[PDB]
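> Protein chains in written order, with UniProt numbering: chain A, 38 to 424; chain X, 38 to 424; chain U, 38 to 424; chain R, 38 to 424. For each residue, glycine too, the CB sits at the ideal point set by N, CA and C.
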Ligand SMILES: CC(C)CC(=O)SCCNC(=O)CCNC(=O)[C@H](O)C(C)(C)COP(=O)(O)OP(=O)(O)OC[C@H]1O[C@@H](n2cnc3c(N)ncnc32)[C@H](O)[C@@H]1OP(=O)(O)O
Ligand SMILES: CC(C)CC(=O)SCCNC(=O)CCNC(=O)[C@H](O)C(C)(C)COP(=O)(O)OP(=O)(O)OC[C@H]1O[C@@H](n2cnc3c(N)ncnc32)[C@H](O)[C@@H]1OP(=O)(O)O
Ligand SMILES: CC(C)CC(=O)SCCNC(=O)CCNC(=O)[C@H](O)C(C)(C)COP(=O)(O)OP(=O)(O)OC[C@H]1O[C@@H](n2cnc3c(N)ncnc32)[C@H](O)[C@@H]1OP(=O)(O)O
Ligand SMILES: CC(C)CC(=O)SCCNC(=O)CCNC(=O)[C@H](O)C(C)(C)COP(=O)(O)OP(=O)(O)OC[C@H]1O[C@@H](n2cnc3c(N)ncnc32)[C@H](O)[C@@H]1OP(=O)(O)O
Ligand SMILES: Cc1cc2nc3c(=O)[nH]c(=O)nc-3n(C[C@H](O)[C@H](O)[C@H](O)COP(=O)(O)OP(=O)(O)OC[C@H]3O[C@@H](n4cnc5c(N)ncnc54)[C@H](O)[C@@H]3O)c2cc1C
Ligand SMILES: Cc1cc2nc3c(=O)[nH]c(=O)nc-3n(C[C@H](O)[C@H](O)[C@H](O)COP(=O)(O)OP(=O)(O)OC[C@H]3O[C@@H](n4cnc5c(N)ncnc54)[C@H](O)[C@@H]3O)c2cc1C
Ligand SMILES: Cc1cc2nc3c(=O)[nH]c(=O)nc-3n(C[C@H](O)[C@H](O)[C@H](O)COP(=O)(O)OP(=O)(O)OC[C@H]3O[C@@H](n4cnc5c(N)ncnc54)[C@H](O)[C@@H]3O)c2cc1C
Ligand SMILES: Cc1cc2nc3c(=O)[nH]c(=O)nc-3n(C[C@H](O)[C@H](O)[C@H](O)COP(=O)(O)OP(=O)(O)OC[C@H]3O[C@@H](n4cnc5c(N)ncnc54)[C@H](O)[C@@H]3O)c2cc1C
C-alpha cells in the first residue's frame, strides 16, 4: 500500500486509488497470459476503457478530449501502469507521451483535430518512430531519405524497434529531407503517418527477451506518399522537435521501473511473512530485513526524485539532464531490486509460475531501451561542460 | 548553484541564500584551519552570530525567541552548514535539534522558560548523552544508574561519544532509575544536567579521523546531585522520550551527507574545466562525464528524498523507518560520491591542500554516527514484520 | 581466447581445446534451439558421446572406465560445456558430481560396480534429491520418511527441484528415517533409487526462466520398496555424506558462471568491432572500454580464484568456506557481467535472436541454485566463529 | 593466517612468515607514529636491515648480491610490507621495482655495476620521475628539456609526485632531449640523476591525506650537468623503457591493496568476536557475517588473481592489460573492504586511535598514485582494439 509521503495532493491520491482499483480484475489478473503468449487479446478494449477515464489525455486539455492536468499526474498514472502488468506499461507511454503530447505541444490547429480526437478517446493507437538499425544511439545519423515532388513527400528507407508497430494507427516518423547539409541536426524533419497509406507496411513482430506484450516490429517504406500538410513542426528544423519529446519521454517513462519496484515489493513482503525456514519466517532474518530495507529505500529515493522533477516541470522549469538522470537512476535501481526480489524467493523466483523472472526481464528494458545509460551520461556531461 | 527542483517556497529560498553568503565568509574560509587544528576558537562567537540569525531555534516556538518554522528549514540549514564545514554542521545539529526539540517536545512549562531563551540566543550550548563506551547501538543496555536520595537524584556512570561535551552548558542525560523491572526499557529516565554541577566533569577531547574541530569527550558523573525538577518527561518514561528524539535526529542530520555531497560537486566540477590532459580538458572525457553524471543524479535523488520525507513529518505523519532509511541512503551515497570526487582530482586530491580528503573523512561519520548503518536496516525490517 | 596465465598443464590445455572443438561442432549451433524448445532430443546420444570421451567419469577411478583426473579438469570441462550451452552444463554438473562423484567417495564396492560403469559410459543418467517443496534451504528439516521393514525401506513423500529427474536412471535420494531423534541432523539417510521400482513416479518438467532443456520435475514416493543394499553412507548418519557432497558440488559448479562469462565476452568483444556509431566503432568509446575492462577483470579474477581453490582440493586442502565463497563470488560476478554484456549490444541484447538474453537467465540460477546466496554468506560467517 | 590455496611452493611460504615476524617485531608497532608524524626517522636503518635480509633487489639477477627470484616473491613481500605499514609499502615499491628494475633490464654493464651495489644493500634510495605538475596521466607530454653540449646534458625543468624525493641519492628522471620530433614519445630519454650534482635541489615534503611517512616533494633542475655515461637505454628511445616498466610497476604495486585489506580483516575479525551487543558477540549477527564473507571473498579473489598473474610473468608471458587490471581490481576492492572494516568497528573505528582510519587513506593512493582507474581501463580497452 502506498502512502502520502510521495507528496501527492488529494486529487492525485484519489486518482492513484482509482487506478489501483481499476487496473485490478481487469489488467493484472491477466499479465501472466500476456507474458506467456506475447499477445494482448483485449488490447483495444482496454484502450477504450482507459480512454473513458481520461488517462490517455492526462496532459492534454479537455478541449480535445483530455483531462488538462500536468506531467506529475502523468508520471503518477504511469507508475500504477506497468505495476499490475509491466508488459502493457510501454504501450501507454508510447501512445500518450510519444504521440499524443508530441502533437499537442508541437502541432498546428489543423493536425490537432484529425488524429488527437481519435488518439485521446482510445479509438486510434499512437506511436513514435525515430530509431533505425544503423542509428539506435546516434539519432542524428539517419539514412531514411525524403524527396520532395510537389505537395507530397515520398519516404524511402527502413526503421527498427518501433513500439506499438503492428497496431498503431498514427505513427510519427522522422525522416531526413536534406541528406547533403553539413549540420546533421538541420536535415531532420518530422512527419505524421496513418495506417493504410500506400508504400507503408509493417514487418513481423519481434520476440523480445522481456516486456512481451508491447508489440514491436520493423517499418518498411517503399515509395510512400504523405501530403505536405502532415509535416510535424517545420521542414529542415526537426532538431528541436525531436529532442523535446525525448526529454518528456525520459521524464514520464521513469515511472515505469517505479511500478516494477512497487510490484516486486508488493510480491516480496507478503511472501517473506508466509514462508518459514529453520523454524522461523524468512522475513525475520537480518539478511532478508536488509534486502527489504535496501529495496524500500531505493524505491522511495527513485520515486520522490521523479515526482519532484515533474512538479518542477509543471511550472516552466524543464531540463533534459534531470529527465535523463531520473530514468537512468530508476532503471539502475529497479534492476538490482528485481534481482533481490528474485533472490528472496529462492527456487520459486526462477520458474515462470511467479512474476519474479518477468519483472527482471521487464526491468532490463529501461536500461537499453528508450535511450541507453551511456547516452544519458554523455548528455549530462555535455550539459555540465557547457557552463 | 542549487536548482528549483526542491520545490521550496520563497521564504525557504531566502534562508538558503542568507546562510550561503554568511558561511562563505565566516565558516568556509576557515574550514581547513578548523580541520587541521581540531579546535574551533570562534565557537561561541559563531554560535552567538547564528543565534542572532535565528537558525538555532529554527524549530522552536516564537515564544522563547525561536523562529517557529518546520523541519525542512532546519534540514536545509544543516545541509548548507555541512557544505560550508561538515565538522561544524554536526555540532550545530547535535546542539540545536537534540536539545531544543527534546526540550520543547517533553519539557514542562518551567524547564522551557528556564533554558530555551539562552539556548536559542547562543549563550548556552546543548548536547545529548545517550551513548556509552559499552553500548553504541544497544542504547537500552546503558549502565548509568540514578538513585533517589529524597528529593534528589544521584547520577553515577559515564557517557561517551557526546558532541560538544566540554562546550555544552545544558545537557540531556538519560539515566536508569529502576533496574528490577522485567522490561529493560522501563527503567531509563531522562534528566537535565547543567554545566558546573557538583560531580559533573569532562575527561578530555578525543581525536577522530574526520569531523575535526567538533569537540567530543567523555562525560563523568561522580555523585552528581541533580534536582528532581530537572527531570525531562515523566518518571520511568525516558525510552519514549529517547526513541521519539532518536527518530527525529536521523532526519535532521540527513543534510550532513547532503551538504558534503553538494560540496564535493561544487569543488570537483570547476576543477575538471581547468586542468587539461592529452591536449584537452579532462572534463570532456567520457569516463569523467559518466562519474559526474552519476554523482549529480545521486546527490539530487538523495536531496529530493530527504526534502520530501521532511515535509511529511511536518504534516503530522512521521515514521521511524523512513527517518533511518533517508540517513542511511544519504550517508552511503555521500561516501560513494566522495570516493569518486577524490579520484577526479588525481594526485591533487590526495593532499590536505584540497578539502576532498576532509569531505571523505567527514562522510564516513554518518554511517557510524547517529545510529548504525546495520541497525537502521534492522529497524526498517522490523516495521514490515509488525504488519 | 584463453590465456596461459591460468596456470594449467599442457594436458589440461589439450583437454580444454578438445572440449572446445567437440562442443562447437555438436552443441554450440543447437544451443539456442534447446533453450527455445526446452527439450534435448539428442540428450542420450550426446551423453553417449561424452561417455566415449571419458568426461562423465573424469573424477571417477579408471577401473570403472573413468579418466581418474582431478577436480581442476572437472571444472575445466564444466566451464567448457557451460560456454556453449548453460543448460547442458548444469546437466553435466548434476550428473558427474552429484551422482558419480558421490558414489566414489561414500559408496561400497558393489554399489560402485553396479552403477558407475553405466553412469560413465552414458547408459544411465544420475540425479540428486535434497530439496523439498517445504524445505529448500533447511535441508535438515526434510520430512521424507524412510521407515523400514525387514530388509527393505518404505519411502513415502515428495521432493522438489530434482535436476535431470525424468531422464535419470540412477538417483541418490536423501531421506529421513528417524524423525523423533533429538539431533535433527543425525536422522537423515541416503538411498540409491533407480528407475523401475514400483512407486517411483516422476512428474512433468518445470518451465523456468533459464536453463531451458534441463528436465526438472517433482519426485513422488508412495510405498516404494528400496533394498537394504542401495544405501549410500551409513544408516541414520546421512548428514555427513550430504554435507560432503554439498561442499564439493559448489566447487565444480563454479565453472558454470565462468563459462557463461567467457561466452558473453567472446560474443561481445568481437561485436563491439563490427558495429558503428558516430562514424567510429563502438569499441573505441571510453565507456565501452571501461565496460570491457570491468568484465575481463572480473572474469579473470573469478577464474583464477576457482582454479587455485580447485588445485588446493587435489592435495587434501579442502574447505567448505572457500567453496561457498568461490561459488558465491562467481555467481555474483557472472550476474553483473551478463547484465553489462546486454548493454554493450544495445538493442540486439533484448531479443531471443541473440544468445545474450539466454546467458543472463542462466546465470541467475547460480545465485539461488545449489544453496541460496545468503546461506553461503551464513556458512562463511559461521566458519570464523570457531577460531 | 594464510592458506596453501595460493599455490606458494617451497622457499616462498617460509619467506612470508619470516617477513611477517620481522615486520611485527620492527615495523608493526611503528606504523601509527609514522602516520602521525608524517615522517620515518628509522628509514636508513630499516633499509639497511631490508638489504641485509635480501628482500631489496629481489628481482635483480645474482651478480651484485641480489636474490634472483621471480616477481611472485616480490609481490608477496610488498603485500606483507603494506600489511604491516601502508606508508612504507609505497616507498618499498618505488625503491625495489621503480628504480632497480629499470637498471637491471635496460641498464648496461658499467651502469648497473656502479649503483646496484650501493642500492641493493640499502645505502642509496631509488626514486622515479615520471609525472609532472602539469602532466599527471599524460606522461609523454613532459616538458623537461635536455640540451646536448658535447658529452654533457643540461636539464632545466621541474617534476612532481616524486616518491622518496629528498632521500634518494640516485633518481631515474626522464627528460625530453628532442622537442621537435613528429611523435611525442620519441623525444623522451631516461637519465640517471645523482644527489650532489650542481643545479639539483628538492622542495619541502608534501602533506598528503594518506601514506603519511613516505617522503614526496618537488624536484628542481637548473643548469644540471648530466654526464653522457649516465644515460639509460638509448637516446630518443626512453618511451620503450618507461612504457615497458610501468606495467611491471603496476603489477608489483598491486600487492599493496592486498596487504592493506589483509590487515583490515586481521583487525576486524577479532574485534567482531570480542565486542558484544544485544547479549551476544556482534560477530554472530547475519549482517556482520555477510560483510565478513564479502570481504574475505574479495580479498582471496584479488590475491589469487595477482599471484596467478605474477606467476605468468615469471615464465616470460607479460601483458600490459593484465598488469593494470590486477592493480585496478585490487584497489577498487580494497577501498570497499576498508570501508566495510571501518563500518564494522562502529564508533571506535572513527577515531585515530585505531589503525582502521589509516587503512582507508592508504587504500586511496593505489587508485591515483599508480595511474588512475580511467587510464587503466583505457589501457585495457586499447588491448582489444589492437586485435
Ligand atoms: C518522444 C521521443 C523523441 C522519445 C524517444 O524515445 S527517442 C530516442 C532514441 N534514439 C537515440 O538515438 C538516443 C538519443 N541519442 C542522443 O541523445 C545522442 O547523444 C545525440 C544527442 C543524438 C548525439 O548526437 P549529436 O549529433 O552530437 O547531437 P547534439 O547533442 O549536438 O544536439 C544539439 C542540437 O539538439 C537540440 N537540442 C538539445 N537539447 C534540446 C532541448 N532540450 N530542446 C530542444 N532542442 C534541443 C539543439 O537545438 C542542438 O541543435 P544545433 O545547435 O546542433 O543546431
Ligand atoms: C551528533 C551525532 C553524530 C549523533 C546523534 O546525536 S544521534 C543518537 C545516536 N543513535 C543511537 O545510538 C542508536 C540507538 N538506538 C537504536 O539503534 C534502535 O533504537 C534499536 C537498538 C534497534 C532499538 O531496539 P531495542 O533495543 O530492541 O528496543 P525496542 O526497539 O524493542 O523498543 C523498546 C521500546 O522503544 C520504544 N520505541 C520504539 N520505537 C518507538 C517510536 N517510534 N516511538 C516511541 N517509542 C518507540 C518503545 O517504547 C519500546 O517499549 P516497549 O515496547 O517495551 O513498551
Ligand atoms: C548441480 C545442480 C544441477 C544442482 C544444484 O543446484 S546442487 C543442490 C545442492 N545444494 C542444496 O540443496 C543447498 C541446501 N543448503 C544447505 O544444505 C546448507 O548447508 C544448510 C542446511 C542451510 C546449512 O545449515 P545447517 O545445517 O542448519 O548448519 P549446521 O551448522 O547446523 O550444520 C552442521 C552439520 O554439518 C554437517 N557436516 C558434515 N560434514 C561436513 C563437512 N565436511 N563440512 C561442513 N559440515 C559438515 C554435520 O553433520 C553437522 O550436523 P551434526 O550432525 O553434527 O549435528
Ligand atoms: C607511486 C609509485 C610507486 C607508482 C607510480 O607513480 S608509476 C606511474 C605514474 N605515472 C602514470 O601513471 C602516467 C602513465 N601514463 C600512460 O600510461 C599514458 O597516459 C597512456 C595511457 C599509455 C597514453 O599514452 P599516449 O600518450 O597515448 O602514447 P601511446 O599510447 O601511443 O604510446 C606511446 C609509444 O609507447 C609505445 N609503447 C606502448 N606500450 C609499450 C610497451 N609495453 N613497451 C614498449 N613500448 C610501448 C607505443 O608504441 C608508442 O610508440 P609511438 O607510436 O609513439 O612511436
Ligand atoms: C549526541 C551524540 C553524538 C555522537 N557523535 C559521534 C561522533 O561524532 N562520532 C562517533 O563515532 N560516534 C558518535 N556517537 C556514538 C554513536 O552513536 C555510535 O558510534 C554508534 O551508534 C554505534 O557505535 P558503537 O561502536 O558505539 O556501537 P557498537 O554496537 O559497538 O557497533 C559495532 C557494530 O556492531 C553492529 N551491530 C550491533 N548490533 C547489531 C545487530 N543486531 N545486527 C547487526 N549488526 C549489529 C553495528 O552495526 C556496528 O557495525 C555519538 C552519539 C551521540 C549520542
Ligand atoms: C614515482 C612516482 C611516484 C608517484 N607517487 C605519487 C604518490 O605517492 N602520491 C600521489 O598522489 N601521486 C604520485 N604520483 C603522481 C601520480 O602518478 C599521478 O598523479 C597519476 O598518474 C595521476 O596523475 P594526475 O592525477 O596528476 O593526472 P590528472 O590528469 O590529474 O588526472 C585527473 C583525472 O583526469 C583523468 N584523465 C586523464 N586522462 C584521461 C583520459 N584519457 N580519459 C579519461 N580520464 C582521464 C584521470 O583519470 C583522473 O581521473 C607519482 C608519480 C611518479 C612518477
Ligand atoms: C540436485 C538438486 C538440483 C536442483 N536444481 C535446481 C534448479 O535447476 N533450479 C532451481 O531453481 N532449483 C534447483 N534446486 C533447488 C535449490 O537447491 C533450492 O531452491 C535452494 O536450496 C533454495 O531453496 P528454497 O528457495 O526452496 O528455500 P527457501 O527457504 O524457500 O529460500 C527462500 C529465501 O529464504 C532465505 N533464507 C533461508 N534461510 C535463511 C537464513 N537463515 N537467513 C537468511 N535468509 C534465509 C533464502 O536466502 C532465500 O532468500 C535443486 C536442488 C537439488 C537438491
Ligand atoms: C519511439 C521509440 C521506441 C523504442 N522502443 C523500444 C522497445 O520497445 N524496446 C527496446 O528495447 N528499445 C526501444 N527503443 C530504444 C532504441 O530502439 C534502442 O536503440 C534499442 O536498444 C535498439 O538498439 P540499437 O542496437 O539499434 O541501438 P543502441 O541501443 O544504441 O545500440 C548500439 C550500441 O552502440 C553503442 N554506442 C553508440 N554510441 C556510443 C557512444 N558514444 N559511447 C558508447 N557506446 C556507444 C551503444 O551504447 C550500444 O551499445 C525505442 C526507442 C524509441 C525512440
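Would you say residue 370 of chain U and residue 395 of chain U are within 7 angstroms of each other, going by their C-beta atoms?
On the third chain, position 333 is the one that residue 370 of chain U refers to. On the third chain, position 358 is the one that residue 395 of chain U refers to. Their beta carbons are not under 7 angstroms apart, which means residue 370 of chain U does not touch residue 395 of chain U by this criterion.
> Quick one: is the Cβ of residue 208 of chain R within less than 6 angstroms of any heavy atom of ligand 4?
By one-based count along the fourth chain, residue 208 of chain R stands at place 171. Residue 208 of chain R Cβ: outside cutoff for every heavy atom of ligand 4.
> Could you list which residues in chain U have their beta carbon closer than 9 angstroms to that of residue 415 of chain R, in chain order?
As a position in the fourth chain, residue 415 of chain R is number 378, starting the count at 1. Here the neighbours are 323, 326, 327, 330.
> Can you give, in chain order, each stretch of the alpha helix (DSSP H) that sits fully within the stretch 274 to 351 of chain X and has at least 4 residues?
275 to 289, 292 to 309
> Below 8 angstroms on the Cβ atoms is my contact criterion, and I expect residue 269 of chain R with residue 254 of chain R to pass it. Report the Cβ-Cβ distance as a whole number of Å.
Here residue 269 of chain R refers to the residue found at position 232 when the fourth chain is read from its first residue. Here residue 254 of chain R refers to the residue found at position 217 when the fourth chain is read from its first residue. Residue 269 of chain R to residue 254 of chain R, Cβ: 22 angstroms. No contact.
> Going by DSSP, what residues sit across from residue 230 of chain R in a beta bridge?
As a working mapping, residue 230 of chain R is identified with position 193 in the fourth chain. Residue 230 of chain R is bridged to R/208.
> If you check the beta carbons only, do residue 157 of chain U and residue 194 of chain U fall under 7 angstroms apart?
Taking the first residue of the third chain as 1, we reach residue 157 of chain U at position 120. Taking the first residue of the third chain as 1, we reach residue 194 of chain U at position 157. Not in contact: residue 157 of chain U and residue 194 of chain U (Cβ atoms no closer than 7 angstroms).
> Whole angstroms is fine: what's the gap from residue 160 of chain X's alpha carbon to residue 206 of chain X's?
Looking up residue 160 of chain X in the second chain gives position 123. Looking up residue 206 of chain X in the second chain gives position 169. Answer to the nearest angstrom: the Cα atoms are 9 angstroms apart.
> Taking only heavy atoms of ligand 5 into account, decide whether any of them is closer than 6 angstroms to the Cβ of residue 258 of chain X.
Here residue 258 of chain X refers to the residue found at position 221 of the second chain. Residue 258 of chain X Cβ: outside cutoff for every heavy atom of ligand 5.
> Please specify which runs of the beta strand (DSSP E), each continuous and at least 3 residues long, are wholly inside the stretch 132 to 160 of chain U, giving them in chain order.
none
> Please decide whether residue 38 of chain A counts as near chain X, where near means a Cβ-Cβ distance under 7 angstroms.
Along the first chain, one-based indexing puts residue 38 of chain A at 1. Taking Cβ atoms only, chain X never reaches closer than 7 angstroms to residue 38 of chain A, which makes this a no.
> Beta-carbon distances below 6 angstroms to any heavy atom of ligand 4 define the shell here; list its residues in chain order, please.
R/127, R/130, R/131, R/135, R/167, R/168, R/174, R/175, R/176, R/177, R/200, R/220, R/222, R/223, R/276, R/277, R/280, R/281, R/283, R/284, R/286, R/290, R/357, R/406, R/407, R/408, R/412, R/415, R/416
> Given that a residue counts as buried once 16 or more other Cβ atoms are within 10 Å of its Cβ, and exposed if not, what is residue 230 of chain A?
Within the first chain, residue 230 of chain A is the residue found at index 193, counting from 1. When all chains shown are included, residue 230 of chain A counts as buried.
> Assign residue 194 of chain X to one of three DSSP states: helix, strand, or coil.
By one-based count along the second chain, residue 194 of chain X stands at place 157. Of the three classes helix, strand and coil, the one that applies to residue 194 of chain X here is strand, per DSSP.
> Taking Cβ to Cβ, would you say residue 293 of chain X is nearer than 7 angstroms to residue 126 of chain X?
Sequence index remark: in the second chain, residue 293 of chain X carries index 256 (1-based). Sequence index remark: in the second chain, residue 126 of chain X carries index 89 (1-based). Yes.
> Measuring only between beta-carbons, confirm whether residue 375 of chain X sits less than 7 angstroms from chain R.
Residue 375 of chain X sits at position 338 when you count from the first residue of the second chain. By this cut-off, residue 375 of chain X is not an interface position.
> Hey, is residue 387 of chain A's beta-carbon within less than 7 angstroms of any beta-carbon in chain U?
Stepping through the first chain from its first residue, residue 387 of chain A is reached at position 350. It does: the Cβ of residue 387 of chain A has a partner Cβ on chain U nearer than 7 angstroms.
> Suppose the cutoff is 8 angstroms on Cβ atoms and the five residues either side in sequence are ignored; what does the same chain contact list for residue 75 of chain U look like?
If you number the third chain from 1, residue 75 of chain U lands on position 38. For residue 75 of chain U, where only same-chain residues beyond five positions count, the Cβ hits under 8 angstroms are 242, 244, 249, 250.
> If you follow the beta strand (DSSP E) that residue 237 of chain R is part of, which residue opens it and which one closes it?
Along the fourth chain, one-based indexing puts residue 237 of chain R at 200. For residue 237 of chain R, the uninterrupted beta strand (DSSP E) segment begins and ends at 237 to 239.
> For the stretch 231 to 255 of chain R, enumerate the residues whose C-beta is nearer than 7 angstroms to any C-beta of chain X, in chain order.
243, 244, 245, 246, 247
> Sorry if obvious, but does the Cβ on residue 385 of chain U come closer than 6 angstroms to a heavy atom of ligand 8?
For the purposes of this step, residue 385 of chain U is identified with residue 348 of the third chain, where counting begins at 1. For ligand 8, at least one heavy atom lies less than 6 angstroms from the Cβ of residue 385 of chain U.
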